[PDB]
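Mapping to my numbering: the sequence shown position 52 is 52, numbers consecutive.
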Amino acid sequence: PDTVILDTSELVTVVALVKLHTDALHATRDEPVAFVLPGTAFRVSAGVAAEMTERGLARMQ
Numbered sequence: 001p002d003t004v005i006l007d008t009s010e011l012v013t014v015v016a017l018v019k020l021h022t023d024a025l026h027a028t029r030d031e032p033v034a035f036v037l038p039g040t041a042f043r044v045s046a047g048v049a050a051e052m053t054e055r056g057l058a059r060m061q
C-alpha cells in the first residue's frame, strides 16, 4: 500500500480528564480537535483512543 490510514468509519467517544492537547479530526462530523478540556467528550479513531486511554489523561465516555 501507500496510504497508511486506518479508517473504518468507527469513531469512538472519549472525554478528556485533564487539560491535554489531542489531534483528532472528526470523521463522521465536521469539527477538528486540536485541544480538549477536562470534561469535554470528543470522538476519535479506534486506534487513537487506545493511546488516549492508555495515557491516563482521557477516559472513554
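All C-beta atoms in this analysis are idealised placements derived from N, C-alpha and C, irrespective of residue type, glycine included.
Give me the Cα-Cα distance between residue i and residue j, rounded to the nearest whole angstrom.
i: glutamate 10; j: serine 45; result: 7 Å
i: residue 70; j: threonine 40; result: This structure does not reach residue 70, given that the chain is present from 1 up to 61, and the question cannot be answered.
Run the CB neighbour count on residue i, radius 10 Å, all protein chains shown included, and call it buried at 16 or more, exposed below.
i: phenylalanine 35; result: exposed
i: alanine 49; result: buried
Give the DSSP-derived three-state secondary structure of residue i in the structure shown.
i: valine 14; result: strand
i: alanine 41; result: strand
i: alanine 34; result: coil
i: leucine 20; result: strand
If I follow the unbroken beta strand (DSSP E) through residue i, where does it start and stop?
i: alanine 50; result: Premise fails: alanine 50 lies in the alpha helix (DSSP H), 46-55, not in any beta strand (DSSP E).
i: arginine 29; result: Note, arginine 29: premise wrong, no beta strand (DSSP E); not H, not E.
Whole-angstrom Cβ separation of residue i and residue j, contact assumed at under 8 Å?
i: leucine 17; j: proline 38; result: 5 Å
i: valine 14; j: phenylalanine 42; result: 6 Å
i: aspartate 7; j: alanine 24; result: At roughly 12 Å, the Cβ-Cβ gap does not stay under 8 Å, so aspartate 7 and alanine 24 are not in contact.
The ligand FAD and residue i: does the residue's C-beta get closer than 7 Å to at least one heavy atom of that ligand?
i: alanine 49; result: This structure lacks the ligand FAD; in fact it carries no ligand of any kind.
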